[PDB]
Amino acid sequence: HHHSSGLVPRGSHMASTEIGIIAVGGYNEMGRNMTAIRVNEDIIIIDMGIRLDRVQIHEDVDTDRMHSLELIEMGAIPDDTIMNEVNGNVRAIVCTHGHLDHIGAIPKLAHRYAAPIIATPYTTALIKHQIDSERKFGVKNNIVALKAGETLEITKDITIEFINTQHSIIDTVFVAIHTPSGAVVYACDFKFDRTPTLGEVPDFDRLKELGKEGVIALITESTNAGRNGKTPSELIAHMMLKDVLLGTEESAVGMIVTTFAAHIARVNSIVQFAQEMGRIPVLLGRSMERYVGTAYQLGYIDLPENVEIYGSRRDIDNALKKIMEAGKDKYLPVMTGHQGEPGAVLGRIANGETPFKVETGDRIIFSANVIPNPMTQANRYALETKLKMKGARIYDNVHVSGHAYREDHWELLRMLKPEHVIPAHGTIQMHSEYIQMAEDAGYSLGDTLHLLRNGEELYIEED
């Protein structure tokens, strides 16, 4: 009547954790990143960014005085009102780096959470500056500096670990939230770079050990998941810049470099090259003086003794007049304005509102890409047009991406071996690219690979 047809060994389940991955902002769009990681009933928020182009389509603005509510309806900033419906209390706000798509909403949203803001030293300095420029909401949460390679226990069941990575701004980290059932890893804005010009190589060994210890969930950017291969090193940008600036038969001509003021590795390269060209490096622009000065005070870069740095309009204009009457061949201005922003140094030069006059053959070196949004493309087209009309020669995109490409994501998947993967930090189209890559690596959509929309919570019941 009866036969044996199987024996199955059952596993043990000594710890049970409920994990929630809540997509708040930056999952339907570029910008305004914010994620919530719930461990049972405690929550770690990671990043609170701004989406700058939603500010740029309205012309009055000034975000420093607008209320959270109106910025959420412009969106602009993440709609964190969904957090009233998430079953837990926030115990920390973590920011992975200092770009505005990760910290820009801090002075608008952070003050409603009874939680410290935790970041790397440079990032905490920039968060403090952002909060001091705010004055409709009174913000200062506790701000805690945590370095790459260190841990901080938030709850007896939750610890936060910073893992060094590389990116287009210094002191970027992966975040590992350790729970009784394993680690949730957040890897948004990162780049593998084995020859960084500043900082250290990403901590591949520790990525491997976390992979073997157990990752419940990887949250990672999909921004360049559709670019084939691997991201070129920042060393490539450094060498291209060096050859643009030094490899020329026209060395006595006027030259201006413009780049992201927060790209401290790029600025560092430019300043060193200035020494090699026998020119005096002159950093111009409030943002240049703030970001680079801050990096210098924290020991992140050294600066030559002859560097000059001006952030105020009168010293900027004075410095430009000095440059003009001493000979542009004697200086290397490094200035704000690479996206044609209004008020920035290079835009004021291009409008003729400055003692510096561009002349035929002067070289303007954009050590940056054009942000692919129509607003910034218009500003940059107007700026470039004005400079070309005065005879400038344009060297564009002397630059490499700050983001991981498809094969970098492949290797990060192979090292962290997460049980579940969640693309973040992009449009649904970018997540589509990431999804195809993750399925070539063995993941299945809706099972171990998850596509979230803003406002959606993924529940993971881990045994």
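Residue numbers run from 1 along the displayed sequence.
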key: Mean C-alpha temperature factor, higher of 263-271 and 149-157   = 149-157
request  = State which stretch shows the higher mean Cα B factor in the entry: 295-303 or 169-177.
outcome  = 295-303
message = Using only the C-alpha B-factors in the record, can you name which of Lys330, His338, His97, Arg227 has the highest?
response = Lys330
message = Quiz for you: based on the deposited Cα B-factor, which of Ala424, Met48, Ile435, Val61 is highest?
response = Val61
task = Among all modelled residues of this chain, ranked by Cα B factor, put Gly25 in the bottom, middle or top third, i.e. lowest, middle or highest.
result = lowest
inquiry  = Taking only the Cα B-factors deposited for this chain, tell me whether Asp53 sits in the lowest, middle or highest third.
reply    = middle
ask   = Lowest, middle or highest third of the chain for the C-alpha temperature factor of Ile43?
value = middle
query = Based on the entry's values, in what third of the chain does the Cα temperature factor of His420 lie: lowest, middle or highest?
reply = middle
request  = Relative to the other modelled residues of the same chain, rank the CA B-factor of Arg32 and answer lowest, middle or highest third.
outcome  = lowest
